[PDB]
Amino acid sequence: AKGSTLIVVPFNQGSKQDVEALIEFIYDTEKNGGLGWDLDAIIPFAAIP
Amino acid sequence: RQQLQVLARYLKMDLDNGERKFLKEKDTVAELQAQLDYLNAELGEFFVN
């Protein structure tokens, strides 16, 4: 929709380094290579059977 | 030094062989240490210990 942005990132929820790096990337300023976003929702539906 | 190199050539002695093996092994040490550093950054010092 208008105003919607999809950020597709590679990610391994099984690695805490990726967890920290993804959250840092989301929260960092656009100047520092981040998104400058503040999350309103978290939906961690990643799993392996 | 020139006389030594001539004699080594005659003897088919590779003076640099030990050093070459040492640099190969040092690269192997670096790669195994990289793997261990990753596992330590991942599980943490407390978990690994």
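Residues numbered from 1 in each chain as written, not as in the entry; some residues may be left out. Chains lettered and ligands numbered in written order. Part of a larger assembly, values for the part shown. Heavy atoms only, no water.

Structure determination for this PDB entry was carried out by cryo-EM, with a resolution of 2.61 Å recorded in the header.

Per the PDB entry, the recorded name for chain B is Fatty acid synthase subunit alpha, and the organism is Saccharomyces cerevisiae. As recorded in the PDB, this entry has the title "Atomic model of Ketoacyl Reductase domain and 4 helical bundle of S. cerevisiae Fatty Acid Synthase (FAS) in complex with octanoyl-CoA (in vitro binding)".

Going by what the PDB entry lists, chain A is known as Fatty acid synthase subunit alpha and is assigned to Saccharomyces cerevisiae.

Chemist: Describe a nonpolar patch on the surface, and please don't skip the residues or the numbers.
Modeler: Residue and element names in this part refer to chain A. On the surface, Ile-7, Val-9, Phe-11, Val-19, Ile-23, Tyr-27 and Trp-37 cluster together to form a nonpolar patch covering roughly 550 Å² of accessible area. Here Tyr-27 lies in helix α1 (residues 16-27). According to the relative accessible area criterion, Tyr-27 is partly exposed, its value standing at 42%. (Patch = residues over 30% accessible without salt bridge, like charges linked within 9 Å, V, L, I, M, F, W, Y side chains within 5 Å. Areas by Shrake-Rupley, 256 points an atom, 1.4 Å probe, with all protein chains shown as cover. Salt bridge = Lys/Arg side-chain N within 4 Å of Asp/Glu carboxyl O. Helix = DSSP H or I, 4+ residues; strand = E, 2+ residues; numbered from the N terminus. Buried < 20%, exposed > 50% of the residue type's maximum accessible area, 1.4 Å probe, protein only.)

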